[PDB]
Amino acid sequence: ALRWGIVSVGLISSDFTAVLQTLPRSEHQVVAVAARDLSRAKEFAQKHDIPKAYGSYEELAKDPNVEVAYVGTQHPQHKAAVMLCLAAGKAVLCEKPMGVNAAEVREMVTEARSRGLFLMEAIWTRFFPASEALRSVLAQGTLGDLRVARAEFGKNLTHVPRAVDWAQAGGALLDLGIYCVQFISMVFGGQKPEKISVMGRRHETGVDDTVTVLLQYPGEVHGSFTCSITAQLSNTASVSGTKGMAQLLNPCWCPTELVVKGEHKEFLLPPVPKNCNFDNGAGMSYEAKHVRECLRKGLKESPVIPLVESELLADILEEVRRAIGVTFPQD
């Protein structure tokens, strides 16, 4: 089986570990977990049936049993954890956004590349059957020549502690806009924008509150998005061309419905687990299965979120938040 080590024990790691533990046991095994102290780790390992527990990430890196490491840490803690794993020769699936700015990304990608090791950013949305069907509709030319993409993701997350935390690199862009940028990049072939324009405001805790972005893409098509940590939005994403519109319905960041020219299609989630910390958390299986296929084919990166695109998405996000003045220590 693909032998997984789980790095950090917070909410996202529960979901992921839970999902992995529903997969065929000859395909995936969770063999270790690491926390910043032994008790947090041992408690996690009992709760989730993981044979080995560690009180540092460095120990999980060095475990010769682990083949791939899932980096579930908070935003500013990804880079050092990813770097430890790559140095020790582990493949890495790293939670989103991979790093807090472009240089963190470039640095992870250069390490992976130079060690000949697999690295992927866990933009789980891309592997949903509804997103795959959207790509197919684009490939088939069903919407005609493209014209415009649109995506939005906002909620009041002001009582979600880490979502509005300057020290944890929270804010609309890094929690929610990442989904918008990836959607728009996906529909326009992962191409680099020709021009970006941004408006938004800050939130009184030191992060961005609501931000809208206009991206000029090549070939005379553009997209825009709005994200927010205070204002509910429609949370859908569409792309349109001369023959019609395709739209991922709410929740667009883990979508189960695609409407293409009025025609609805539903793509049911796996039945298990229920009671995930995050809405639709069972859809994490799609990316876990994806990591195994890439590794089985000997790929050092995913064709669906290639590292050069992770770098561009990070360029875009950082340019966006710089245009409205929002900075972190790491810059």
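Residue numbers run from 1 along the displayed sequence.
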property: Between 21-29 and 312-320 (mean CA B-factor, as deposited), the higher; result: 21-29
property: Comparing 266-274 with 285-293, the one whose average Cα B-factor in the PDB entry is higher; result: 266-274
property: C-alpha B-factor winner, where the candidates are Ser114, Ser228, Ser131, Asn250; result: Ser114
property: Residue with maximal Cα B-factor (values as given in the PDB entry) among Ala237, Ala102, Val160, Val148; result: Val160
property: B-factor third for the C-alpha atom of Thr242 within its chain; result: middle
property: Chain third (lowest, middle, highest) by recorded CA B-factor, residue given as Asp165; result: highest
property: B-factor third for the C-alpha atom of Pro303 within its chain; result: middle
property: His222, C-alpha B-factor rank within chain (lowest, middle or highest third); result: lowest
property: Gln216 by Cα B-factor - lowest, middle or highest third of the modelled chain; result: lowest
